[PDB]
Amino acid sequence: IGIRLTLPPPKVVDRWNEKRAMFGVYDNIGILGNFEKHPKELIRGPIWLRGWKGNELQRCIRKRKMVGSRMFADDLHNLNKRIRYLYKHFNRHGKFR
Amino acid sequence: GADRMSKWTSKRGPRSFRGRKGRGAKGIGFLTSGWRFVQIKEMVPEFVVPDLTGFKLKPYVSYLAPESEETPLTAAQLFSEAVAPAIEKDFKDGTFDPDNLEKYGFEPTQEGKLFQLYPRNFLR
Amino acid sequence: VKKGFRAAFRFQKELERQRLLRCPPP
Amino acid sequence: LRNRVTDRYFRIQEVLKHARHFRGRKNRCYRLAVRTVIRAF
Amino acid sequence: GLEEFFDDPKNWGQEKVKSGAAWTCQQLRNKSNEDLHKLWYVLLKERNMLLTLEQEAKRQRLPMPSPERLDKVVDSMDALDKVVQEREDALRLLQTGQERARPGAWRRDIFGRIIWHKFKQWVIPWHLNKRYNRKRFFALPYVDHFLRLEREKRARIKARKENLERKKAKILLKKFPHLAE
Amino acid sequence: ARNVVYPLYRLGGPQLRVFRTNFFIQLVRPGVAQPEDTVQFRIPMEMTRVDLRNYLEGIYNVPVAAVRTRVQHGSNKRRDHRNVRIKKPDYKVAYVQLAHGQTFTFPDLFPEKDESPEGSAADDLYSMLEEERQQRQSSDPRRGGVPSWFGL
Amino acid sequence: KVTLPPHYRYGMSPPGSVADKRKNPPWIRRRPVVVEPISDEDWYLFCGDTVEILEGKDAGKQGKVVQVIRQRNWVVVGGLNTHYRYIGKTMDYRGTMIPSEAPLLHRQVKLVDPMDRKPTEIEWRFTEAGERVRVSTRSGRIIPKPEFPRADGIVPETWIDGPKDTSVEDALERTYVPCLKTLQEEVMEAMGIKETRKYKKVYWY
Amino acid sequence: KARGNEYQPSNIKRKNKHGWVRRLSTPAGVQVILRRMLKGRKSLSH
RNA sequence: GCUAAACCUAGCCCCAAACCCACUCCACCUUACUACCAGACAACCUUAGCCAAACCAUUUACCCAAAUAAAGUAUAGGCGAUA
RNA sequence: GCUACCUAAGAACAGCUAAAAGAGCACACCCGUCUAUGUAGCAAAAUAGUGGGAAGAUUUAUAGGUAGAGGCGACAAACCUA
RNA sequence: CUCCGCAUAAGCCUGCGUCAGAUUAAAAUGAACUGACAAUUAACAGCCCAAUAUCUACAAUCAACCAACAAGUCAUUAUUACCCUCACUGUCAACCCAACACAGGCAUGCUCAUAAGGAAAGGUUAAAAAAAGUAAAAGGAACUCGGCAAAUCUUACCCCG
Ligand SMILES: [K+]
Ligand SMILES: [K+]
Ligand SMILES: [K+]
Ligand SMILES: [K+]
Ligand SMILES: [K+]
Ligand SMILES: [Mg+2]
Ligand SMILES: [Mg+2]
Ligand SMILES: [Mg+2]
Ligand SMILES: [Mg+2]
Ligand SMILES: [Mg+2]
Ligand SMILES: [Mg+2]
Ligand SMILES: [Mg+2]
Ligand SMILES: [Mg+2]
Ligand SMILES: [Mg+2]
Ligand SMILES: [Mg+2]
Ligand SMILES: [Mg+2]
Ligand SMILES: [Mg+2]
Ligand SMILES: [Mg+2]
Ligand SMILES: [Mg+2]
Ligand SMILES: [Mg+2]
Ligand SMILES: [Mg+2]
Ligand SMILES: [Mg+2]
Ligand SMILES: [Mg+2]
Ligand SMILES: [Mg+2]
Ligand SMILES: [Mg+2]
Ligand SMILES: [Mg+2]
């Protein structure tokens with residue numbers, strides 16, 4: 001019980017496909033490109049996360065002021081509640097002061 | 001303990017409820033004093049059934065027939081078939097004017113008719 | 001179903017040993 | 001990434017193999033055998 | 001008489017009854033309205049004999065001889081009703097220009113959603129009717145929030161549907177990798 | 001007609017007429033004993049006894065003395081594998097009595113003699129099965145289960 | 001009508017049959033079979049068409065296509081790739097053994113050229129008249145759609161009009177004369193009905 | 001005394017208290033039907 | 001040896017992109033889903049509190065129309081908490 | 001839709017005594033004094049017996065009204081869906 | 001045995017009718033469970049009414065004597081308008097509210113002991129303890145906080161209101 005009786009299908013991986021063979025290309029677009037572009041501009045994803053890093057409270061605060069006016073009502077309400085909970089935890093709870 | 005997910009019907013409720021609810025049948029009269037019902041002969045649908053004697057058509061059609069294509073009828077198709085020929089003839093004759101459009105078949109209004117087209121006042 | 005291969009492979013080896021004990025070869 | 005223990009079967013068998021010769025439910029039930037295997041050692 | 005509700009006596013007990021094809025909508029566009037009004041009642045009487053036989057087969061717990069007969073008549077009755085309605089619709093566009101035979105209008109209900117209101121026939125004008133004026137065709141400002149919540153609900157559904165289809169296609173190349181083209 | 005709007009009537013207005021009626025009735029066999037003159041029908045809910053009379057006299061040329069109707073409830077007790085109730089459609093029943101002393105008896109629409117086929121029927125598959133079934137015989141007890149195919 | 005669950009698994013037995021009901025009840029939920037999407041236009045295998053089996057128990061054999069299932073891209077050929085099953089069994093009688101065919105994928109068969117009985121690949125084209133046809137890649141020759149008996153079973157060439165079957169001369173006769181009147185108005189003139197009373201106007205709302 | 005039989009069914013009382021017409025009578029009852037429409041209730045009212 | 005055990009799909013999550021938004025007929029604000037009769041009732045108005053301040057009483061962050069930086073600076077505040 | 005109070009229009013109360021009765025004996029009906037039983041029960045307050053009232057400030061069916069910073073209350077801090 | 005029973009209202013909605021069954025009750029005939037088929041037929045009941053003005057002091061109680069207070073449930077006329085008439089709906093059951101096939105709760109009419117409706121014992125044995133009853137020598141509250149309970153059919157007094 002809790003462990004499969006047969007072996008799973010083999011995990012075949014192509015180490016020489018397009019995405020793996022061309023990974024890391026254009027990471028030095030600035031050094032070798034006269035600094036016309038910055039490597040952070042090659043990052044794709046959420047517009048509030050491009051070239052930026054923070055903790056959950058910092059991520060949640062940043063998302064609310066950048067796309068908060070476009071969010072669904074239920075998702076926005078939960079975001080505000082998450083910011084309230086995190087504000088209390090980080091600023092009032094912990095081992096160190 | 002009530003079934004709120006069951007179809008509400010005249011079979012449910014007290015006596016006053018069961019008599020006021022119906023099943024979809026159209027009325028054919030009204031109730032007068034004394035709970036006396038008055039039937040209107042003009043409110044009862046009269047079936048216009050034709051004579052079926054010597055009628056060639058039958059419920060089914062033989063399979064030995066061509067597979068003609070479907071050409072849904074359109075307003076333009078009906079105008080050219082019936083209205084256009086009479087107009088072309090009068091156009092060639094040299095006597096055509098909009099005032100006579102009623103003579104060609106056009107109906108300016110629907111009032112004063114037994115079978116109005118909009119809003120229609122007859123059954124299928 | 002849990003993802004992984006090491007535990008399933010290791011469990012097949014114990015099954016073989018169990019099978020050999022129950023039915024030892026000539 | 002959700003990780004789960006996939007080899008918990010082998011972790012408890014290295015304890016129960018020392019409890020096979022015990023008496024009662026403490027020879028097959030980990031909760032009971034672990035406390036008696038530790039006393040044996 | 002009541003002999004038209006049943007099939008030819010000789011056919012009773014038979015397991016198959018040969019029947020022709022069903023009237024097509026195009027074959028009926030050549031007949032006159034008077035001929036179509038006569039044919040409607042020829043098919044009506046054949047439909048009632050087939051409904052009577054279908055119910056007596058269940059009573060006797062036996063299969064109906066030729067169930068396709070009923071399907072053919074129903075298809076002919078619908079095709080004939082399509083032709084007549086087609087001629088009436090075209091005739092209404094020429095005299096009046098209306099696309100609908102029954103009046104109506106677009107209105108907002110008390111719940112704030114768009115609905116097509118089909119008018120009813122009355123004897124008095126609408127400003128005197130007690131029951132019609134109790135009905136509301138306008139939404140108050142406490143509906144706007146629910147309209148958005150209901151719009152966001154439809155968007156979530158439509159997003160899962162679009163992302164699911166993309167997944168199936170991406171999983172459909174792993175097994176058939178020759179579909180790249 | 002059903003599923004249609006009825007033109008409203010006022011005093012002095014035209015007679016209401018339906019040229020094509022979509023009412024479809026099915027004659028049924030009574031479950032319990034009924035008088036000879038009485039006939040039983042199943043009609044749609046929207047239909048009235050007044051319509052059934054004019055419907056029968058006009059389309060089928062049948063004179064009727066009396067018509068009575070009742071609404072029969074369909075059980076909503078049946079439940080599916082999801083424990084959701086299944087509704088048997090409610091239907092209306094009509095009892096019609098003939099006028100001039102005519103008597104109606106429901107005919108036997110499935111005569112056994114007619115159902116039995118005088119003409120020989122020779123389905124290929126069935127013939128194959130029947131032939132083989134007959135030819136093969138039960139195992140002889142004395143043989144003790146020894147395969148019979150072997151002639152040795 | 002048709003009642004098919006979302007992920008209904010199509011099979012050799014037709015839907016709605018007693019065998020399919022037992023095999024596919026409303027409640028079961030099975031892993032969906034993956035089928036290569038093929039445009040109805042591109043499909044080139046029809047019933048009554050000779051095909052050669054490439055892979056299987058009996059490869060290199062040519063047989064007629066008796067049935068095709070589009071949902072699973074299956075082709076059924078009579079007498080080939082057939083296993084054996086006892087039919088008409090009972091408790092006392094073992095039953096009769098018969099060969100039963102197994103479905104073949106459209107990739108495990110290959111159409112044959114009528115001129116040369118060899119497997120060939122075909123690509124659709126158009127003739128002079130414009131009728132679309134399938135033509136072999138090698139030694140291009142026309143391969144018409146084999147005539148197959150209709151599903152219902154009616155043979156037009158052997159049809160006998162019955163007492164409730166309209167004749168061809170009465171079902172094709174044209175009696176309609178385009179006019180500007182409805183069935184209601186046109187019928188009241190023929191039947192002879194007259195109605196002088198007028199219809200008073202109503203309000204619509 | 002023994003409890004549990006507080007429900008004494010009456011269709012009149014049921015349609016007048018929690019019915020469709022009384023829900024729409026007040027703005028708070030219209031919001032009740034809107035919440036049950038948003039959640040997907042098969043029954044919005046008695 | 002029973003009871004059981006085991007599985008890989010169903011679909012789902014987070015982003016991106018794009019604004020979004022019906023229909024056969026019939027029925028439905030009266031007891032909704034009810035063919036058919038004299039009406040005139042009408043919408044708007046500071047959120048509070050939990051909590052923090054180790055009580056509590058002024059006070060205690062809550063997207064509000066550009067990421068970064070200026071800056072947790074000026075400033076406010078039982079000049080306390082904090083803002 | 002329980003319950004507390006109220007509104008509208010209804011219903012029920014044998015027999016005996018006295019015939020005047022918020023009178024007595026005493027059925028139906030309403031209540032629940034004492035005892036035993038029951039205590040995951042027949043019952044999330046019951047059963048048997050014994051008892052109080054039973055033409056009145058009585059009991060009771062139906063529809064309606066009062067809603068929580070409140071209502072209702074012959075004040076038990078009662079009752080307002082166990 | 002008869003705690004009732006039949007019917008109406010309310011509520012419920014096909015929930016012991018036929019056929020079939022691998023389902024089911026303690027019970028592999030029955031069935032309230034499953035599948036199919038059938039079924040309640042209006043005269044009872046429900047569903048009513050043209051307008052304007054106008055009229056309506058004198059209870060009920062066998063309503064007659066008689067006696068009351070708490071002072072009561074029943075009525076029209078004038079003028080105008082108005083010749084087609086029997087539609088629609090309820091009608092089943094061993095049934096509702098209590099999670100149950102619950103010893104509970106449940107309005108009215110008739111029956112007032114039944115012409116209707118029902119079965120306390122699965123079989124055996126006949127220990128304790130326990131429960132519900134019956135009988136009991138002599139004594140008769142000595143019991144006990146208390147004559148609780150049971151039997152019987154009884155006097156007087158006090159406190160509180
Ligand atoms: K902290
Ligand atoms: K505190
Ligand atoms: K019921
Ligand atoms: K009880
Ligand atoms: K009896
Ligand atoms: Mg009736
Ligand atoms: Mg504090
Ligand atoms: Mg009550
Ligand atoms: Mg009062
Ligand atoms: Mg008395
Ligand atoms: Mg008294
Ligand atoms: Mg007394
Ligand atoms: Mg009181
Ligand atoms: Mg006190
Ligand atoms: Mg106190
Ligand atoms: Mg009557
Ligand atoms: Mg009855
Ligand atoms: Mg017994
Ligand atoms: Mg016993
Ligand atoms: Mg003893
Ligand atoms: Mg003694
Ligand atoms: Mg003493
Ligand atoms: Mg004494
Ligand atoms: Mg003592
Ligand atoms: Mg005592
Ligand atoms: Mg006192």
# chains A, B, ... in the order shown; residues from 1 in each chain; ligands from 1
>>> select_by_dssp(residues="region 94-170 of chain G", states="helix (DSSP H, G or I)", output="list in words")
residues 156, 157, 158, 168, 169 and 170 of chain G
>>> write_last_selection(atoms="C-alpha atoms", output="PDB file, in the first residue's frame")
ATOM      1  CA  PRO G 156     -33.950   2.204 -55.694  1.00  0.00           C
ATOM      2  CA  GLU G 157     -33.633  -0.101 -58.715  1.00  0.00           C
ATOM      3  CA  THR G 158     -36.019  -2.548 -56.974  1.00  0.00           C
ATOM      4  CA  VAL G 168     -43.091  10.405 -59.091  1.00  0.00           C
ATOM      5  CA  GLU G 169     -45.457  12.208 -61.473  1.00  0.00           C
ATOM      6  CA  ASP G 170     -47.527  13.583 -58.572  1.00  0.00           C
TER       7      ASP G 170
END
>>> residues_near_ligand(ligand="ligand 7", cutoff="7 Å", atoms="only C-alpha atoms (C1' of nucleotides) and all ligand atoms", output="PyMOL selection string")
chain I and resi 52-55
>>> atom_distance(atom1="CA of residue 4 (chain E)", atom2="CA of residue 108 (chain F)")
15.0 Å
>>> residues_near_ligand(ligand="ligand 13", cutoff="9 Å", atoms="only C-alpha atoms (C1' of nucleotides) and all ligand atoms", output="NGL selection string")
:J and (4-5 or 73-74)
>>> write_last_selection(atoms="N, CA, C and O atoms (P, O5', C5', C4', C3', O3' and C1' of nucleotides)", output="PDB file, in the first residue's frame")
ATOM      1  P     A J   4     -47.351  30.562  23.663  1.00  0.00           P
ATOM      2  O5'   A J   4     -46.760  32.034  23.790  1.00  0.00           O
ATOM      3  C5'   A J   4     -46.028  32.423  24.941  1.00  0.00           C
ATOM      4  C4'   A J   4     -45.745  33.902  24.953  1.00  0.00           C
ATOM      5  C3'   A J   4     -46.918  34.813  24.632  1.00  0.00           C
ATOM      6  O3'   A J   4     -47.790  35.009  25.729  1.00  0.00           O
ATOM      7  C1'   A J   4     -45.029  35.508  23.404  1.00  0.00           C
ATOM      8  P     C J   5     -49.376  34.871  25.526  1.00  0.00           P
ATOM      9  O5'   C J   5     -49.795  36.232  24.814  1.00  0.00           O
ATOM     10  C5'   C J   5     -49.792  37.449  25.540  1.00  0.00           C
ATOM     11  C4'   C J   5     -49.746  38.658  24.641  1.00  0.00           C
ATOM     12  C3'   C J   5     -50.924  38.862  23.705  1.00  0.00           C
ATOM     13  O3'   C J   5     -52.078  39.372  24.344  1.00  0.00           O
ATOM     14  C1'   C J   5     -48.921  39.234  22.526  1.00  0.00           C
ATOM     15  P     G J  73     -47.335  42.361  25.121  1.00  0.00           P
ATOM     16  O5'   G J  73     -46.722  41.517  26.325  1.00  0.00           O
ATOM     17  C5'   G J  73     -47.138  40.183  26.577  1.00  0.00           C
ATOM     18  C4'   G J  73     -46.271  39.521  27.615  1.00  0.00           C
ATOM     19  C3'   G J  73     -46.285  40.156  28.998  1.00  0.00           C
ATOM     20  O3'   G J  73     -47.357  39.698  29.802  1.00  0.00           O
ATOM     21  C1'   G J  73     -44.046  39.778  28.311  1.00  0.00           C
ATOM     22  P     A J  74     -48.795  40.411  29.749  1.00  0.00           P
ATOM     23  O5'   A J  74     -49.390  40.175  31.208  1.00  0.00           O
ATOM     24  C5'   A J  74     -48.805  40.789  32.348  1.00  0.00           C
ATOM     25  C4'   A J  74     -49.153  40.049  33.615  1.00  0.00           C
ATOM     26  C3'   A J  74     -48.471  38.700  33.819  1.00  0.00           C
ATOM     27  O3'   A J  74     -47.221  38.817  34.488  1.00  0.00           O
ATOM     28  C1'   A J  74     -50.823  38.524  34.234  1.00  0.00           C
TER      29        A J  74
END
>>> residues_near_ligand(ligand="ligand 4", cutoff="9 Å", atoms="only C-alpha atoms (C1' of nucleotides) and all ligand atoms", output="list in words")
residues 2 of chain H; 41, 42, 43, 46 and 47 of chain J; 102, 103 and 104 of chain K
>>> atom_distance(atom1="CA of residue 173 (chain G)", atom2="CA of residue 22 (chain E)")
16.6 Å
>>> residues_around(residues="residue 83 (chain A)", least_positions_apart="4", cutoff="9 Å", atoms="only C-alpha atoms (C1' of nucleotides)", output="count of residues only")
9
>>> atom_distance(atom1="CA of residue 73 (chain F)", atom2="CA of residue 25 (chain B)")
16.9 Å
>>> residues_near_ligand(ligand="ligand 23", cutoff="12 Å", atoms="only C-alpha atoms (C1' of nucleotides) and all ligand atoms", output="PyMOL selection string")
chain K and resi 140-142+147+154-155
>>> residues_near_ligand(ligand="ligand 6", cutoff="9 Å", atoms="only C-alpha atoms (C1' of nucleotides) and all ligand atoms", output="VMD selection string")
(chain F and resid 68 to 71) or (chain K and resid 41 to 42 89 to 91)
>>> residues_near_ligand(ligand="ligand 17", cutoff="9 Å", atoms="only C-alpha atoms (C1' of nucleotides) and all ligand atoms", output="number ranges by chain")
K: 7, 40, 91-92
>>> residues_around(residues="residue 51 (chain J)", least_positions_apart="4", cutoff="12 Å", atoms="only C-alpha atoms (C1' of nucleotides)", output="list in words")
residues 31, 32, 33, 34 and 35 of chain J
>>> write_last_selection(atoms="N, CA, C and O atoms (P, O5', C5', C4', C3', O3' and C1' of nucleotides)", output="PDB file, in the first residue's frame")
ATOM      1  P     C J  31     -51.984  21.259  26.370  1.00  0.00           P
ATOM      2  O5'   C J  31     -51.842  21.468  27.945  1.00  0.00           O
ATOM      3  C5'   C J  31     -51.609  22.757  28.493  1.00  0.00           C
ATOM      4  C4'   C J  31     -51.787  22.780  29.990  1.00  0.00           C
ATOM      5  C3'   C J  31     -50.686  22.125  30.813  1.00  0.00           C
ATOM      6  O3'   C J  31     -49.583  22.992  31.022  1.00  0.00           O
ATOM      7  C1'   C J  31     -52.823  21.456  31.619  1.00  0.00           C
ATOM      8  P     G J  32     -48.080  22.424  31.060  1.00  0.00           P
ATOM      9  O5'   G J  32     -48.053  21.457  32.325  1.00  0.00           O
ATOM     10  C5'   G J  32     -48.296  21.949  33.639  1.00  0.00           C
ATOM     11  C4'   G J  32     -48.388  20.820  34.635  1.00  0.00           C
ATOM     12  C3'   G J  32     -47.088  20.052  34.854  1.00  0.00           C
ATOM     13  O3'   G J  32     -47.033  19.542  36.187  1.00  0.00           O
ATOM     14  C1'   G J  32     -48.709  18.605  33.924  1.00  0.00           C
ATOM     15  P     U J  33     -46.527  20.465  37.402  1.00  0.00           P
ATOM     16  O5'   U J  33     -47.049  19.699  38.698  1.00  0.00           O
ATOM     17  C5'   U J  33     -47.275  20.393  39.913  1.00  0.00           C
ATOM     18  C4'   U J  33     -47.870  19.493  40.964  1.00  0.00           C
ATOM     19  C3'   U J  33     -47.056  18.261  41.321  1.00  0.00           C
ATOM     20  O3'   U J  33     -46.025  18.544  42.249  1.00  0.00           O
ATOM     21  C1'   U J  33     -49.329  17.662  41.005  1.00  0.00           C
ATOM     22  P     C J  34     -44.568  17.896  42.072  1.00  0.00           P
ATOM     23  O5'   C J  34     -44.748  16.404  42.597  1.00  0.00           O
ATOM     24  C5'   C J  34     -45.049  16.153  43.959  1.00  0.00           C
ATOM     25  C4'   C J  34     -45.548  14.748  44.171  1.00  0.00           C
ATOM     26  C3'   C J  34     -44.659  13.632  43.651  1.00  0.00           C
ATOM     27  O3'   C J  34     -43.574  13.338  44.510  1.00  0.00           O
ATOM     28  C1'   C J  34     -46.895  13.217  43.015  1.00  0.00           C
ATOM     29  P     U J  35     -42.234  12.683  43.917  1.00  0.00           P
ATOM     30  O5'   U J  35     -42.671  11.202  43.533  1.00  0.00           O
ATOM     31  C5'   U J  35     -43.099  10.297  44.537  1.00  0.00           C
ATOM     32  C4'   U J  35     -43.555   8.982  43.957  1.00  0.00           C
ATOM     33  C3'   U J  35     -42.600   8.303  42.993  1.00  0.00           C
ATOM     34  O3'   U J  35     -41.521   7.649  43.635  1.00  0.00           O
ATOM     35  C1'   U J  35     -44.790   8.221  42.121  1.00  0.00           C
TER      36        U J  35
END
